[PDB]
Structures are given as structure tokens and as C-alpha cells.
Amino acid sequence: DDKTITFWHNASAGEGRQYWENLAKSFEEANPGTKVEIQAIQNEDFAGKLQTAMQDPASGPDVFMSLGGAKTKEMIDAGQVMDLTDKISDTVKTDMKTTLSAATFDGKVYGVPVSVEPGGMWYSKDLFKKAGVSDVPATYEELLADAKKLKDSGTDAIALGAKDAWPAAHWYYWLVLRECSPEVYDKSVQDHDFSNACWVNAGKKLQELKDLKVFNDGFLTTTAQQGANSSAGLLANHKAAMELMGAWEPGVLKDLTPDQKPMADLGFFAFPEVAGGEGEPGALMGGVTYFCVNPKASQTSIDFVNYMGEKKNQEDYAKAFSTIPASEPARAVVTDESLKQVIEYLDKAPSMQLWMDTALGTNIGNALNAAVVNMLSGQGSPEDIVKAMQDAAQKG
């Protein structure tokens, strides 16, 4: 049928999963005859399922979460994502002014944003006091020192979901962004040129952290967002003192604490400055979640994504996901102190880089994440991380 639309998101459980049920329901009420069939897919499975399904756009989902950056671009150039420039509502155009750029390719708009999620450090303020850290580290070396203190207090300083590859890679990404100059960074990413010394230097800085042995012991088998022993789970239950992550973090943590209530002592702090690096200080990096429409889809799918962008639904999104909504007016309803700081950093950044693996695409992103994990497991070098990107870059 025609007024029936398949819809894929990655809110696996909890309020987030329920939020989408609720949205579908009240969408169905406002557009009679329409039925929304939902698939809630866990994040690490999502790319695979989306790309298998979209080989046949006719038999794929009508509305789906985007993979972001070059990965969205890869779908556009395959004709798996419909052009929404002349279709997004005026409410979206007005309210998602700053966030729509993440969804814009070749001047054309390809999705509706629901959230913006910068990265940084999320930490236990309680575990920090117990170890003797009264102030958050403004530099990398201070951070590595704070990890030593935290280890001595007999807690795992850093939770790391290395089994999922990307969470470990985020350390690398952040180091490269601080080490490389904005122009070398911007050119490297866009040209797939990884020859500059800032790319090896960053890995060296990451190997330093590795040598400190300050991760949770099972980091190699630790996932990011699955279970109590996932890296968010370790942070949520005060088994580790900090994690490097996107601003989806409070909502994730909230679903992994004993009472499924927000992490009482949660704090945020920007990824520190790095001595000798030439990156624009306080450079932001992060994500923008948005929803794409199947090129082979009907008007009902268009009205659905526009529905997402309406202020009330975005405010509800913010509460359900404990995140920053895309809609600037809906950001009013944000109360979490850590998320407040993140908005402060957001409202004064000159730019935000997308996640590096997202920016570089599937081949280069995957080869990069694996390589970083390999070095961390003592089967790779900072030089090998570079090698790997270069080798995969050959394919395009």
C-alpha cells in the first residue's frame, strides 16, 4: 500500500524507542489512512541492513536514519536518497538553519535533522574527587596525568568500547584534529591525503595513552552501547571514570544506570588542547542525526520527516533522548547541565567537523577504525594507521 511507510531508526530500547512509537501514532491520527511500520535497529547493525536493503530501493525502507557525511554522499551517488530541497517545510528551513548544512550536498538538502551531537569527555565527578582531580584537564598531558591519579584510586580511568572499533578511533580523530592545521585537516579529509606528519604524530600521542594501561581491561571485547558491561555501562555504574563520546551520551547513560535515571554526577569537558598541535583551539567535532527519504517513496514519507521537525516533536525528542535537538527553538527545553555547556561550546564554534570515519566514508573509515584498534591491541603502529587509510583510499 501507498499510505503505509516503512521507517528505520536506531533507538533500540527505552523512552527513545517509545518516543518513535508515540510520534508514529500521533502522526497517524493527524493524517488519516496512514500507517507507520517501525524497525528499531541497534546502531552497529544499522549500516549493513540499510545498505543491503537499499540495493533494491523499491523493497527498502521509505524513511531511514542517515549514515552521515561521505556515507550519505555514497548513497546519494547511488540514487538511494531522495532530494528534499523543494520538499522540506518552512518550519524545518527556519528552525534547522544551522544543522541543515550537515545534510546538504552540492547545494541540495537530503534530510531532516532531529539532533546535533558534539563530542567530548563525559566523566564521573564522584570518581574524579575520589582520585584527587578537582579541575578538568585543559591539556592532553594533564589528562594523561589525571588518568594516573584515577588508576591509583583503583578505578579504570577510561572506558573504551574498542570492540565496536569507532569508539577507540575517536581518540585518534580528536588527536588529529588538534595536531593538524585546519587547512591540512580540511584538505587531508577532502582529498584523502594522509601524508602530513600530523597524522603519525596523533597516533604516537595515542600510543602514549595505550602504554599507560588505563583502559578497562576488557576494552577489546567491550562494546560502546550494549549492556551493563558496555563502555557507557561501565561509566554509568561508576566502574570507569570517563568516556570519549558524542552528545547522545546522557540518554545512553540514563538507560544503563541501576534505576534508569540520569547519571547523578555526570560531567562534561571538551577534548583538551595538545601542546605543539596546530589545530584551531576548541575546534568542535561531532554528529548530526537526520532522516532521509527513499527516492522511490510517496508524499506520506515527506510529511513524516517534516513532522519530525515540528517544534513540539523536537522538544519531546530532547526529553526522550536527553540530547540537543536540531530545532533551535526546541533547545529551550534542555535542562541537563552537561548538555548546557555543550550548547555554549556549540553557539560559539566557527565550525563543526563531522565524525572522521563518517567524513572519510566507508572504506577509509572502516580501515581507519580497525587500524587504530590494531595498534591498541599491540598489532599495529601509528604508521600502520596511515598506511591503512592510504590503501583503502586507492579504491576511491
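Note that residue numbering follows the sequence shown and begins at 1.
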Query raised in the report: On average, are the C-alpha B-factors higher in 161-169 or in 191-199?
Result: 191-199
Report task. Taking the mean of the C-alpha B-factors per stretch from the entry, tell me the winner out of 274-282 and 106-114. Result -> 274-282
Query raised in the report: Which one of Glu337, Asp357, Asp62, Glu44 shows the biggest C-alpha B-factor in the PDB entry?
Result: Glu337
Query raised in the report: Which is it among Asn369, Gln39, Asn31, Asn363: the one with the largest CA B-factor in the entry?
Result: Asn31
Query raised in the report: Lowest, middle or highest third: where is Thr6 by Cα B-factor in its chain?
Result: middle
Query raised in the report: In terms of the CA temperature factor given in the entry, to which third of its chain does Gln51 belong: lowest, middle or highest?
Result: middle
**Report entry** Chain-wide C-alpha B factor ranking for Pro137, given as lowest, middle or highest third
**Finding:** highest
Query raised in the report: Can you tell me which third, lowest, middle or highest, the CA B-factor of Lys125 falls into for its chain?
Result: highest
Requested in this report: Sorting the chain's modelled residues by C-alpha B-factor, tell me whether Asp86 ends up in the lowest, middle or highest third.
Outcome: highest
